[PDB]
Participant: 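Pasting a structure here, questions to come.
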Amino acid sequence: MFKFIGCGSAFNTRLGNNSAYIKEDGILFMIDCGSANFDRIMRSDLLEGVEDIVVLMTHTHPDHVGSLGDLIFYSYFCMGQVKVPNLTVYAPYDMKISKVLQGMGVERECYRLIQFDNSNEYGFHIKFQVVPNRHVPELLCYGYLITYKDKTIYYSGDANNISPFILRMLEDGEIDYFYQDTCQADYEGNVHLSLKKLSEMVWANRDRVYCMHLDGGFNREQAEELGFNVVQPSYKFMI
Amino acid sequence: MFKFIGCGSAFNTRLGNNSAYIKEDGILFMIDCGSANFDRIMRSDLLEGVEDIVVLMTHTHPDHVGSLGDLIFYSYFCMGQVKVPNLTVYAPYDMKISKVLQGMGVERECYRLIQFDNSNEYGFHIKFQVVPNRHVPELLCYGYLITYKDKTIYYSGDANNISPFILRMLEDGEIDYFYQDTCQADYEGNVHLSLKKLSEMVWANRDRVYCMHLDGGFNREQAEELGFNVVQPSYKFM
Ligand SMILES: [Zn+2]
Ligand SMILES: [Zn+2]
Ligand SMILES: [Zn+2]
Ligand SMILES: [Zn+2]
């Protein structure tokens, strides 16, 4: 169901920062807004015809929150009714997203913030359920089970593992689209899931698995040979 | 003395975020590192041959700090000796830059931090003196008087005023390069200095004044008619 504003790892900025979106009925829904991505959005026509923006947060690394404040300010000052919020951030309460934004001078008057512990929701309807994922110990990091147009989508966020319960859902056909942070590098303490490990953990329904957050060394040919899909920025974001 | 990685206002991202630099003797010195700019830097050869990075901070708006953490991580993990700090951040103590960086998961082990109240410094030699400036009520914001290769540089940061002592220095010929946040809009409570106000405040040495942080509406032809210079990204970034 998802298209991508960006799909690279933090240093692979030619693909943009990893961020998926849905645009429908004047609503722009996106997961994360990394440092590189506000400029990509502004150079595209993605915001044309958009009445309301919704941003769902996975964690606050710079390649996931670094330009959210730019987008908040732009939507507040320049979109629709000037100086009225038209962007809603959704985040787990424990992430303390407002404190991160306030550190950059982004105050609550500029956006709407909906926080939750377990789940929440936003003709456009979307639901999401938190899946805490391990990534770095410095930050609380999340993926999500997302329900949209009667499809079930798993979106890992940045993650170096997959819960056995989520794997079982995928194996049993209960996840229609499975977006997974995957990297080529394979090493102890990896903060991302290697392609090798992904191939060891998923045998069934590989055709529903989409590798994202791709590092510069990522071997797309090998990923496809194994039966996985590899995401790329949407054609809107490619020359 | 300065070249620019970017020179736009927050929404004018085709010019990049406002950030000046010097690259000399394996040292890359930059003022701020806004969200848009790590990608600009990575697409260029700016980091080629660089041994040490120094970032001086004016304030922590997203278009000034949003990708500093990306650059810290890249320099720590990918430049030179892997997992040894490559980058030194300079900031006034009151800015609390480490708390901002910690919020994005950027820990103190990944960079060197030098904080000060009044002044500090870094073959390559550079000195800076803090100039507190008004900009927004949410943040403590600063410009700087910078000494480099026997030239005196004023760099406003984001600012909606010029301190009288800095104006006098400019009028008296004591500032060689005067970089000023300037915008076209002119309104009560403006968080930047309008071109109109700049023209009312500065009469002598306008030829040493460089308008930066340019908004999408900025009238470069009018600024040049008034005798000011207009900054642009260095050709490396165009
Ligand atoms: Zn990431
Ligand atoms: Zn991350
Ligand atoms: Zn600014
Ligand atoms: Zn600012």
Side-chain angles (χ1 to χ4, degrees), chain A residues 6 8-12 17-19 31-36 38 57-67 69-70 73-74 77 95 100 103-107 133-143 156-160 181 183 190-193 212-213 215, chain B residues 4-13 15-20 31-37 57-67 69-70 73 77 95 100 103-107 133-143 155-160 179-183 190-193 212-216:
Chain A
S9 57
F11 306 148
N12 195 15
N17 295 161
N18 202 57
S19 175
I31 304 177
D32 301 331
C33 195
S35 48
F38 177 66
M57 298 295 319
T58 67
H59 67 302
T60 59
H61 269 152
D63 61 306
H64 297 267
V65 78
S67 71
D70 301 283
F73 288 145
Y74 182 78
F77 284 108
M95 190 180 287
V100 173
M104 301 192 268
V106 184
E107 294 301 326
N133 273 328
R134 282 205 185 147
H135 171 40
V136 296
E138 290 80 37
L139 293 175
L140 296 179
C141 305
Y142 303 85
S156 66
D158 286 14
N160 67 7
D181 170 13
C183 60
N190 201 336
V191 301
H192 304 286
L193 183 64
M212 73 161 175
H213 200 274
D215 50 349
Chain B
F4 284 77
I5 290 153
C7 60
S9 65
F11 306 149
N12 197 12
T13 67
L15 296 189
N17 293 162
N18 204 55
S19 177
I31 303 176
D32 295 331
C33 193
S35 46
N37 283 3
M57 302 283 328
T58 68
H59 66 304
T60 58
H61 270 148
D63 60 307
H64 299 266
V65 78
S67 76
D70 299 285
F73 288 146
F77 287 109
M95 193 176 285
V100 176
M104 294 170 274
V106 185
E107 290 299 309
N133 273 333
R134 148 188 153 238
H135 172 38
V136 292
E138 296 81 21
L139 294 173
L140 292 180
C141 306
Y142 305 87
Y155 185 96
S156 64
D158 287 12
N160 66 15
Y179 294 99
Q180 178 58 53
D181 171 13
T182 318
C183 60
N190 201 341
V191 298
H192 306 286
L193 186 67
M212 50 181 196
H213 199 277
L214 305 174
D215 58 318

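One-based numbering, in listed order, for ligands and for the atoms of each. Letters go in sequence order (proteins before strands), and every chain restarts at 1.
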Participant: Checking B/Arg134 against B/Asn160: is there a side-chain donor and acceptor pair closer than 3.5 Å?
Facilitator: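 B/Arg134 and B/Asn160 do have a side-chain donor-acceptor pair below 3.5 Å.
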
Participant: Angle at the Zn ion (ligand 4): provide the value between ND1 of B/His61 and NE2 of B/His135, rounding to 10 degrees.
Facilitator: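 Result: 90°, to 10°.
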
Participant: Give, rounded to 10 degrees, the angle between NE2 (A/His59) and OD2 (A/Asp158) as seen from the Zn ion (ligand 2).
Facilitator: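 Roughly 90°, rounded to 10°.
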
Participant: Evaluate the ring planes of A/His135 and A/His59, with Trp represented by its six-membered ring, and classify them as parallel (under 30°), tilted (30 to 60°) or perpendicular (over 60°).
Facilitator: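 It falls in the perpendicular class, over 60°.
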
Participant: If you consider just the N/O/S atoms, which atom of B/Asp63 is the closest one to the Zn ion (ligand 3)?
Facilitator: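 Sorting the N, O and S atoms of B/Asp63 by distance to the Zn ion (ligand 3) puts OD2 first.
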
Participant: Between B/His64 and B/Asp158, do the side chains contain a donor N or O and an acceptor N or O under 3.5 Å apart?
Facilitator: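 Checked: B/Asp158/B/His64 side chains pair up, N/O donor to acceptor below 3.5 Å.
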
Participant: Would you tell me whether A/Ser156 and A/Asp181 have side-chain atoms, one donor and one acceptor, within less than 3.5 Å of each other?
Facilitator: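 Looking only at side-chain atoms, A/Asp181 and A/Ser156 do not form any donor-acceptor pair under 3.5 Å.
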
